[PDB]
Amino acid sequence: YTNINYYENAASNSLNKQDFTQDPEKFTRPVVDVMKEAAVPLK
Amino acid sequence: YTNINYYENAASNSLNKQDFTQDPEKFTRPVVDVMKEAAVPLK
Amino acid sequence: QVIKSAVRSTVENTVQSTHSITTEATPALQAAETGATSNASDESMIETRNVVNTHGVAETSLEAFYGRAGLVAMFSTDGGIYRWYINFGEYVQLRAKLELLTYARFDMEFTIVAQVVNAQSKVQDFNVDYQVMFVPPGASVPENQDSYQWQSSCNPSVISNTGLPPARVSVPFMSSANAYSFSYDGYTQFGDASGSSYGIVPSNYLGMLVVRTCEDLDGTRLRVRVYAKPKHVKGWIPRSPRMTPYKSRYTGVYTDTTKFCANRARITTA
Amino acid sequence: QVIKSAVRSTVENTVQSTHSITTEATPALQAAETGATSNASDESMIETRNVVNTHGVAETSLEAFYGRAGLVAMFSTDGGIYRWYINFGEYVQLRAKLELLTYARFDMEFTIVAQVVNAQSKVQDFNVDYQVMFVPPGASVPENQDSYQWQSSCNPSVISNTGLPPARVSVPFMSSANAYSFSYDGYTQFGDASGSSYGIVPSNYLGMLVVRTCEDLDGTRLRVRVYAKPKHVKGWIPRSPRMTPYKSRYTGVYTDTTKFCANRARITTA
Amino acid sequence: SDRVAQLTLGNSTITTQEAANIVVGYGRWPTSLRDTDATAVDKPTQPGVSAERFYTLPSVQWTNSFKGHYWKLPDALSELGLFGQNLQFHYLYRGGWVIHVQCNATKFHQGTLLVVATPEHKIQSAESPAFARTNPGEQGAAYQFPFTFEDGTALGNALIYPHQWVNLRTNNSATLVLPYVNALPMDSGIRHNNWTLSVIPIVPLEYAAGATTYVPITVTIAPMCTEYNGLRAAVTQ
Amino acid sequence: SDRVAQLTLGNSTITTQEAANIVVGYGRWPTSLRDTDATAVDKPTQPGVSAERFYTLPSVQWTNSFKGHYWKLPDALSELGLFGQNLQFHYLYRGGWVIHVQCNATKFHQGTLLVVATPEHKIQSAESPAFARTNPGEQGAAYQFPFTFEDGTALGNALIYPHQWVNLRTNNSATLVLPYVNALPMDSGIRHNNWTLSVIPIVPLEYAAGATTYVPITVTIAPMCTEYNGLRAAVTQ
Amino acid sequence: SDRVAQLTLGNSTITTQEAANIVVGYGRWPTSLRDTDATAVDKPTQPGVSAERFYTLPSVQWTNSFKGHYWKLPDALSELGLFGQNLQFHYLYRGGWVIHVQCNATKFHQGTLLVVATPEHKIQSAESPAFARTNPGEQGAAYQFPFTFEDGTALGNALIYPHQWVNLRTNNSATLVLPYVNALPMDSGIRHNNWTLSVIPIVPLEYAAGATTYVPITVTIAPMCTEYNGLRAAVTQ
Amino acid sequence: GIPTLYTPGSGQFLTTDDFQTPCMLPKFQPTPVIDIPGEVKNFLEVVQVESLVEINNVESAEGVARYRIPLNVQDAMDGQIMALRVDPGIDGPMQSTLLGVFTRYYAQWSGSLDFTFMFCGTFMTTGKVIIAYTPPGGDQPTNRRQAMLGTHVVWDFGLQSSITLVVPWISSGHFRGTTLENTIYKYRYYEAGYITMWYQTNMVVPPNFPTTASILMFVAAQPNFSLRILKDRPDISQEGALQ
Amino acid sequence: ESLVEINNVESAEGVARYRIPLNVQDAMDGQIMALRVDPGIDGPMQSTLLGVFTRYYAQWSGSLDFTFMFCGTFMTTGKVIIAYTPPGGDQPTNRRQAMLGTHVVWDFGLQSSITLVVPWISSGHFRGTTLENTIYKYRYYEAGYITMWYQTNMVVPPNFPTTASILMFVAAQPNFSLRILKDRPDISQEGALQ
Ligand SMILES: CCCCCCCCCCCCC/C=C\[C@H](O)[C@H](N)CO
Ligand SMILES: CCCCCCCCCCCCC/C=C\[C@H](O)[C@H](N)CO
Ligand SMILES: N[C@@H](CCC(=O)O)C(=O)O
Ligand SMILES: N[C@@H](CCC(=O)O)C(=O)O
Ligand SMILES: [K+]
Ligand SMILES: [K+]
Ligand SMILES: [K+]
Ligand SMILES: [K+]
Ligand SMILES: [K+]
Ligand SMILES: [K+]
C-alpha cells in the first residue's frame, strides 16, 4: 500500500484514513453524579 | 512528501519553499546611534 | 474535562449472561429526567450468548459521511460571463448535511464540469476554452467578458477546456474564524437590530467565482456545474437535523407544520 | 554591514506586561526626524496578556507574492504571423507588481494559450498546429508565414496545437546584468541627451516572439495569450508603489493629481 | 445521583430538595482562554464574585395555553448587576454558565417540562425576525412554534443538546452547568448570543380538582469563569 | 530627579517632558487590605485593569479671577467607567491613587500653582455646607477662600500634606501617588471622601503682551490597587 | 542618538550642533568591488583624498512658493575638483556618498523638510524629459510635482527610501551615508545617475512677524570609497 | 519519456474518488485549531442519544401531542396500549428521530435498540404495564397472552420514572435493509418485528385525580449498532435552486 | 512608517493633505481629528505602504503603529490626547467618551513625536481587508476608531503663528501578517498600452 504526499499544502492531501468512533458519554450521559447500571438512578 | 528534480537546468525547478521574513531593521532603523525603546531618542 | 472519550474500531461484542433473581441489581430501572440516556445493556435484560462482533464503524465517521462530491452551483453565462457568490444554500442536499454540525473545519476539493449549450438548452459538441477566477472581497469584479481584471496577476484563475477532463483544485480552510459556523444566533454588524442582518456568519463568505469564455461563442453559451467535496473533516456540537423544507438560500426560514410523519388510523395498529 | 537581519517563520508573540510609573523608561517618546520608525512596543503602551502567536508569514514572501501566472501579452495573427516584442508594459497588473522592487533576479514559466477565431472574433472549434519562435536580437526576423527562418535550426521554437493543453516552458535568468532593473535613472546610449532614450534598461529587452500557423487558415486566425510566472525570486531595494495610472507601455510617464483618496466633509468625521 | 443540592456562587446560595442529578454540557466545565487560543493582546478583566453569582429573573406562569418560554445568553443578564455593566463596557466577552430552573407543584399535580440549553439556537420562523424575539431581554420570550423548535427542526430531537426534564412526580428543578462554546476564542456579548435556555411543556399541567392552579416557573442563572477584553465606554446592541 | 516620565496603567499611557520628580505620599505606595486588619468577612472584588486606569476630567481655565479648584476622591470618579460602577454596587471600597496635573504655557509666561492632596480636607467655611461643594462631582468646585484653605487653616502650611508645584518656568506638570488613608480598613465610597485634590494659584498668571491668554488646567486620575466588599444593587449618596 | 557631530574627510571637516542621529542606507557602508563581482579586468584607479572629501554646492532659498529641489548623483559633482576629473576620464565609476543637508532658522520659526536619497529616482512627469531636468548639474533642479514625487508615486511613501527630516524645532541638519547600489558591479558616471537627493518642504516655512525671512538650504556631498576603470580621454554625456 | 498505458476510467469524475490535487493557495496558513467543547468523530455517537418518538401519529394529534402515549383508568383487563414496527429506517413514528434521520442516510443497519419509556402521571398515580418485542414470522400479537411469549419487560410505576426495553438484535443476517420497499426489491424480507404495550394490571388514581396520564417514548441505538452504505436522505428535496 | 493622507478635504490639495491642523483654542476639550483604523479600506490609509499591501490581500491581523510628529515652533507647547476606541458603537462624541478607551497623552517638547499603538483586539484571529457590506456583510469586521483631542491647549508667545502642523505616520507592528493574495483594486486599464 502507498500513502505519500506530492503537493506542498496539506489541503491537497487525500481523505483521512482514520475512521473510528469514540465513547458517546459526553452526549449520552453528561451528568455529575455517576449512576451505575445496576443501581437505581434517583436515590 | 517529495521534492526531486527531473530536468537539467535549475530554471525548470518548482517554486522555492522557504517562505520566511527577516528583521526589517535595515529599512525601519538604518541609524548609526542606537536608540533604545526605553530611552529618549534625542539626547 | 470530566467525561472521557475512548476510541474504538468495531462495535461492542455480546457476552453470555445468565438469569437473575435479586433486589440489589435493577438495571432496567431508569430516570430520563436526569438528562442521561438509559444504560441498561443487552446482557442485563435477557439471557444472551457470546457474539464476537466485528462489524466496523468506518462509514459513519465524519470523513466517510462528508467525504464525497456534491452539487453546490449550476448556471449559464449571459454575455460570456457569470458571477456566482460562493455560498452553499442554493442546493439542499449538501446543505442539509453540513448543518448536522454546529462548528466544523475542513479543506475542499472543487470539481468544475462545463459544456456548451445553444439557446434551446440542447448540448453542443463544441470544445471552447473557459476561465474561472476567484475574486476575494475587496478585489475589483469583472463587468464583462473582456475587462482588464481577467489578466488575473494576483487572483487565482483556472483555465481549461470543455473537451478536457473536468477541472479540479483543492482549497484550504480559509475562514478568519477557527471553524465555520452552520448556526449563528447573532447579527452581522453592530448597531443593526434588523431582521435582514440576523443569522448570517459573514466570515463564511470568502468571495465569488466569475466565469467567462476566453473568446466569444456565436449563439451558444457555457453551462457550468460546480461540485464540492469536504476533506479532512473536524466537527463539534452535533445539531438537531433539519425536519422542514428550505425556502431561502441565505437563511433557515421555514414554514411550520403539525406533524412530521404521516398519520395512521390507530395507535394500536402497527 | 552594521544592521543584521535575523530570520523568522511566525509573527512575534505578546508577553504579559504590568503597569509602570517611572521617569527612567519612556518608550512612547519618539523622534521621527532621525529617519527611524518608532520602536514603542505593545507591551510598553498598555498592560497586555500572554499570546502565543503562531500566525505565519509565508504568503507575503517574495516567492508567494510573485509566484503565479499573469497575462503579459494578447494578440491575433495577420497573415498567419505576428511578431511581439518581449516587454511587460502592455498589461498593468503584473507590471505594477514587478515595480515594487528596484532590482530582482528570477526564472520564468511561460504558458501559451491559443485558439482560432473568425473575422467577427467568434471562437471556432478548430484544431490547428502553431509555432512560437524566440528570435534573439541580431537574428533575422521572419517576414511572413513561410519565410526560411522558421526552419529554426538554432532559435528555440515550440510547436503545439490549439487542441492540445496549453504550451509551457521555463526560462532562465537571462540578462547581461546581475539583476533586472525596474527603475533606471539614465540613458540608453552615450551621446544622447534626448528624452526618447531616457529610462529604458536595454539589457531588459531579450528579443521577440514570432508566432505563425504551420499551414494557412482559410478565413480565420490565431488568437494568442501569453502568461508569465516568476520563479525563484530574489529582490533588492523595495520601492514606493505606483499610485497613478500607466499611460505608455515603455515608460513610466504619468498625469499629476492633487489627491489619492477621495475627500470627506470633515477631518473630524470618521 | 442524589436528589438534593446546594449551589454557592459569590454571595448567593441556592438549594433544592427534589433534584435529578446535575448536567455538565459536553462533559466540560467552564475554562479560561488559553495563551495558544487567544488573539486579543490586551490584559483581560476578571470581575470575580461581582459578576459570577446567581441572578434570578422575573417568573413566568405555567398557564393553560403555555407553549414554552426562552431566554438568550448573555442577553438576559445584559443589564443586571456588575455582570451586565462589564458586558457593555467591553468589546469582548467570554464565559460559562450555571443554570437552575424551578417549578414546584404538589403530589396531586402532573406535568412535564423539557429544560434545554441549545448552542446557537436561531429564532428563524419569520423571514425578518424582530429584535424583540431574537433578543427578548430579562423577561424572555414565548414560544410560538414549539413543535418545530422555532428553527425548522423536530422538538423531539432537541435532546441532542444539554438538557434535563422537570417531571412533577419526580423533581421540582433542573440544574445545568454550561461551558463557553463558539468558533472564536471570544466574541461580543451584545451582537451574538451563544446559548439559548428554553423551558417547553411536553405534557400539560393537570391536577386533582381544586388543587392550586397558579404554578410559576422561575429561572436563576449565574455567569461563571468569565473574562472581558477591549475596554471602552458602554455600548448596547 | 529626571524631568520626563511615562505612566502606564491598564490601557492608558501618560507622558510629560517637563516634570519635577514624582511624589509618593507618606512614602507609601497603595497596598491591599491585610488579613489582620480586615473585618468584613466576604471575598472582595478586584476589578483590575477595568477600574485601575487613567480617567481625564473636564478642563478648567486659569482665568484672571481664578482662586483655585478642588476635586474630592472618590467622588470625582464616582460615575466614570467601571470604577464608578463598582463604587456604586458595593457598600465598601478601598483604594489608592495616581494623580497627574497638567498645565503648559510658554517660556514667555510666568505663574505658579500649588498642587496638593489633603487627607480628610473638610470644606467648612459655611455653617451648613451645600452638597454641591462637599461633593462637586467630576467638574469639581471653585475655591472661595484659598487663603484659609476653606477649613480655617493657613494656605502656607498646606505643604505639610503631599504636594508639588507647577512653576511655569520649571515644569508643566505635577505627579502624585497616594496610598489609602483612613481610621478604618475600608469605608463607603459614597458617604466619605478620603482625599481632596486642589490646584491653587499662588503667583498669578502673567505673560509678555500678546502671548496666548487661554491657559487650561487638566487633571487626570487613576484608581490603583482597589478592592470592594458588600455587593448589592447600585446606590449613590 | 547624540545631537552633535563632526565629519572629517580628506582636508574637509564639517560640524553641526543640532543633528538627529546619522542614517546609513540599508545598513551598509560603502565598500570596494570584490574579485568575485568584478568583470572589468584592468587595475582600477583610487584617487583617495583628492576626490573623497566634502564639496559644497550653491545654496537654494527656501522661498514661499518653494516645492523642493533635487540633485542627481554623480551628476551634481561631475565637474567639481579631482572627483569630477576622474569621472570624465574613466568609462567606469563606482562609489558611495556622505550627504549633509543644512538649514538653520531660529526658535521663532517653524517648518519641516523631508531629506531623502532615492535609488534610481526617475524624473518622468513628462513624455520626453529634458536633459536639463534629468541631469541639472551642480545647481540642481526644482520640483514641479512634489506630491507625486515626479515619478507617479506617493510622496508620503518616499520614506521607504533612506531619509531624515529637518524639523526646525528639532534640528538644523540631516546626515546620510549611502552605499553604491546598482544591478552592475560598476557603471558609467555620465550616462547613469544611481541616487537622487531631494529636499522637499512638507510643512511651509512660518515665523513670528518680523523674524528673518531669508532662509537658505545648503547641500554638502562627499564621494566615498570610489574606484574607476577604463581610462581614456575626458568625455561628458 | 517513461512508457505509460492509460486505462478505462481515465478522465472520469467519480464523486467518491480520493486523489491528491494541487491546492489553489499552496502557501496558505490556516488559523489555529482552538479548544471547543463537544467534538464528534463518528455519527454513531449521535444515534446513541435518546430522542423522542412521534408515536401518537393520528388525525386527532397535532404538534407536541404526537409525542404522548395515552394511559387511562381501565374497567377491563389485559388491554392494549400501543403497537409499532421496530424497523428504524421506514416511514412512520421513527423517521423524525435522531436514530431515524441517520438510519435513512444509509441502506443497511445492524444492532440492538434502546426503547426507554418515562411515565408522567401524578406521584400518586400507580400502574404496571408489560412491553413486548415480537420477533419476525407473523403479524403483531393480538392479545397480551400472545405478546408475553416474546421478549418483554414488566414495568412498575414509582420513584424511578422510567424503564428500558432492549429490542435485541435477532436477525438471520448480519445486516438488514433500512427500507421495506416491497414492490421492487421485495425488501419486506427484512422486517424486524413488533413492539406492543399492554396493561399488566391497571392505572389506579385517588379520588378526583386526572384519569388519563401520559407516557413519553425514547429511542436510541445500542453500542453494537452500525450502518453501511451511505445514500441520500429521502426527506430533503427541492423543486429548483433556492432564491 | 509612511505618511497618512489624513486631511482629505476639498480645501486640501497635494502635500497639504498630509497635514493635521492645530491652533490656539479659546474653548476646551475640543476635537482635532478622527479616522477608522481599518488599514485596507478606502480613505486616508489607502495610499500608504501599509495600505497598498493590505489591499493586495484579503485578510489581516496585528497591532498598528500610529506615530505623530509635531512641527510647530520650538516655543509652541501643547498636550493632546490620542485614543483608540474598540468596536461596538460609533466614534466617540467627546473627550470624556474617548478617554475611556486606549489612549496616550502627548506632551510637546524636545522629543518631537509620540506613538499610539492600536493593539490587536479582535474576536477572530483575522479580519477582512474590506468592509464591503452590501454583499458579504463585512462591516462585521470593523476595527474601531482613532480620535485626537486637546488635552490642554496649544499656547504660543506673542506674534507667533497660531496654527501649526502635525504629521501622521503609520506602520504594522511585529505581530502583523496578511493572508490570501488578490489583485490591488487601484491598478487598472481600459486596453493594452500604446
Ligand atoms: C479557482 C477554483 C475555485 C475555488 C473556490 C474557492 C472558494 C473558497 C471555498 C469556501 C468554502 C466555505 C463554505 C462554507 C460555508 C457555506 O458557504 C455555508 N453554507 C454558508 O452559510
Ligand atoms: C519559446 C517560448 C518563449 C520564451 C520567451 C523567453 C523570453 C525571455 C524572457 C525575458 C523576461 C525579462 C522581462 C524583464 C523585464 C520586463 O520586460 C520589464 N517590464 C521591461 O522594463
Ligand atoms: N486586460 C485585457 C483583457 C483580458 C483578456 O481578454 O484576457 C485588456 O484590457 O485588453
Ligand atoms: N524554410 C522553408 C519554409 C519553412 C516552413 O514553412 O516550415 C522554405 O524556405 O521552403
Ligand atoms: K468488537
Ligand atoms: K439502572
Ligand atoms: K443505551
Ligand atoms: K511566534
Ligand atoms: K523611546
Ligand atoms: K513599530
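Atoms within each ligand, like the ligands themselves, are counted from 1 in listed order. Note on naming: letters A, B, ... go to the chains in the order of the sequence lines (proteins, then strands), and numbering restarts at 1 for each one. We use all heavy atoms of the structure for the numbers below, so side chains are in, but hydrogens, waters and symmetry mates are not.
Listed by chain and number, the residues in a side-chain contact (heavy atoms from CB on, under 4.5 Å) with B/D23 are B/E25 (sequence neighbours excluded). Under the side-chain contact (heavy atoms from CB on, under 4.5 Å) criterion, A/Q22 pairs with A/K26, C/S5, C/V7, H/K41, H/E45, sequence neighbours left out.
Put simply, C/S38 gets within reach of the K ion (ligand 7), with an N, O or S atom under 3.4 Å from it. The nearest N, O or S atom of H/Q222 is closer to the K ion (ligand 7) than 3.4 Å. Between the K ion (ligand 6) and A/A39 there is an N/O/S contact shorter than 3.4 Å. Among the backbone and side-chain atoms of C/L29, an N/O/S atom is found under 3.4 Å from the K ion (ligand 6).
Counting only N and O atoms by type, the side chains of E/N21 and C/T34 include no donor and acceptor under 3.5 Å apart. Remark: the I/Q59 side chain and the C/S176 side chain contain no N/O donor-acceptor pair separated by less than 3.5 Å. For the 3.5 Å distance criterion, the side chains of H/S112 and C/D42 qualify, holding a donor opposite an acceptor.
Neighbours of the K ion (ligand 8) restricted to protein N, O or S atoms under 3.4 Å: the count is 4.
Among residue pairs with one or both ends in residues 8-20 of chain C, those qualifying as salt bridge (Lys or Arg N to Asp or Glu O under 4.0 Å) are C/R8-C/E12; sequence neighbours excluded.
The K ion (ligand 6) lies closest to atom O when only the N/O/S atoms of A/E37 are considered.
Taking the six-membered ring where the residue is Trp, the centroids of C/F65 and H/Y105 are separated by under 6.0 Å.
Shortest non-hydrogen contact noted between A/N9 and H/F28 is ND2-O, 3.2 Å.
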